[PDB]
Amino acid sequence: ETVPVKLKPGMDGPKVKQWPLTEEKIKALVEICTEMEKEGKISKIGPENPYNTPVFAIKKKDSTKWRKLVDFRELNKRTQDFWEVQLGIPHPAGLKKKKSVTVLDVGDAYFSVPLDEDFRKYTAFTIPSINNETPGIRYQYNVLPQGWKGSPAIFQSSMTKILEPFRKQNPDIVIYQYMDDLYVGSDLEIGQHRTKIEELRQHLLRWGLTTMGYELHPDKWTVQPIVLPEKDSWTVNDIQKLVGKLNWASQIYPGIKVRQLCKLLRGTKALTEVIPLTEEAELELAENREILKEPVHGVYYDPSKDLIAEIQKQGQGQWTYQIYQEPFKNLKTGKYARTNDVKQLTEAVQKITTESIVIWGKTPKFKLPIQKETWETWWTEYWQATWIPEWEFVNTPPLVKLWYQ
């Protein structure tokens, strides 16, 4: 029996255009879809289905084989009441406190559960054709699809039964389901932790579930503080940059002072001129460093608001990032380090989304410092995650990069 799914009132199903694909990705998808159709997982559809969701082909996490990725971002936004209010999966606060967190792909579990007949039409997708030789190949889902947030929401009851003996035997292990993955955290020694993962894989293997470094280590996640340089000689220019960077942090951190340092900039002096540091300025500098190395007082995650992630290209394969709900009220800051700009940016996006899932159980909306078309053409060539976050394109403000440098 199927769980009846309803759309949010006033909104219709997704009607998103299919992005052009290379010949090797089209052939990969045709082969995967031919096989899924034989297995009854999907069915060819008629023109009376006016819905569409984009489809892509990516390289797997564990192998060189092609895998189908459906971008259900619109269908997910349009079904939010079902997967978040009606069948919401609660997020554990202990997951980010674990020594090791292992991510296991469990998307193959959903192909067993059939999808409600009246909802299937909303899962429509099209395999495009080179030079528009033929009209695309149109299909819809007969079972819970990978990428749709309603799939873990409906499978939740079955996942609880599959995991019950493992959780009873290991009460200190935290298991969290997010979309197609299980997040498994423990405080065990790395060898005992890996042994418990291999044990959990055997439990999933009994139900047909044959399943970034190896593990994530959230207890070692330490914020990228606002860096104030340690100098022997201080020019007028260095003081100006420090005042600008402290003026920025004073709007976020309660207690930032700049009066004594700001006084040193009296006049219209040459940028290269050396200025000696006073006792009051040196004390103020050390008190600011102490505040910057601690979390932001007064900033809390509001579950009713979206998370935002901003990224800045710093040069030499270094990228900085911040996550917040209200501009510049930073919930987390970090850095990503390394082949090419687009590849590095996708890797950083996936790393930040994964941390966001561990900490808050949700993906942030990204502000990407790239041209919309460049990103739209190449992001798929390097993507390895089975989820896709929301993103928009920004023109990185001057000095925003400078303050987080």
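Numbering starts at 1 and runs along the sequence shown.
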Study note, to complete from the structure: Per the entry, how many deposited residues between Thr211 and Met212 lack coordinates? The answer is 10 or more
Point to revise | Unresolved deposited residues in the interval that joins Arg338 and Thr339 | key: 4 to 9
Revision key, fill the gap. Comparing mean C-alpha B factor in the record for 186-194 and 224-232, the higher one is 224-232
Study note, to complete from the structure: Between 258-266 and 200-208, the record assigns the higher mean Cα B factor to 258-266
Practice item. Would you mind finding, among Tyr122, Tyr139, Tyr324, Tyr253, the residue with the largest C-alpha temperature factor in the entry? Key: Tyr253
Review point. Out of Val103, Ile127, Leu95, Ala249, which shows the largest CA B-factor listed in the entry?
Key: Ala249
Exercise for review: Give the position of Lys44 by CA B-factor within its chain, expressed as the lowest, middle or highest third.
Suggested key: middle
Review point. Going by what the PDB entry lists, where does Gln384 fall on CA B-factor within its chain: lowest, middle or highest third?
Key: middle
Review point. Based on the entry's values, in what third of the chain does the Cα temperature factor of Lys343 lie: lowest, middle or highest?
Key: lowest
Review point. Ranked by Cα temperature factor within the chain, is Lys293 in the lowest third, the middle third or the highest third?
Key: highest
**Study point:** Relative C-alpha B-factor of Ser356, binned into the chain's lowest, middle or highest third
**Key:** lowest
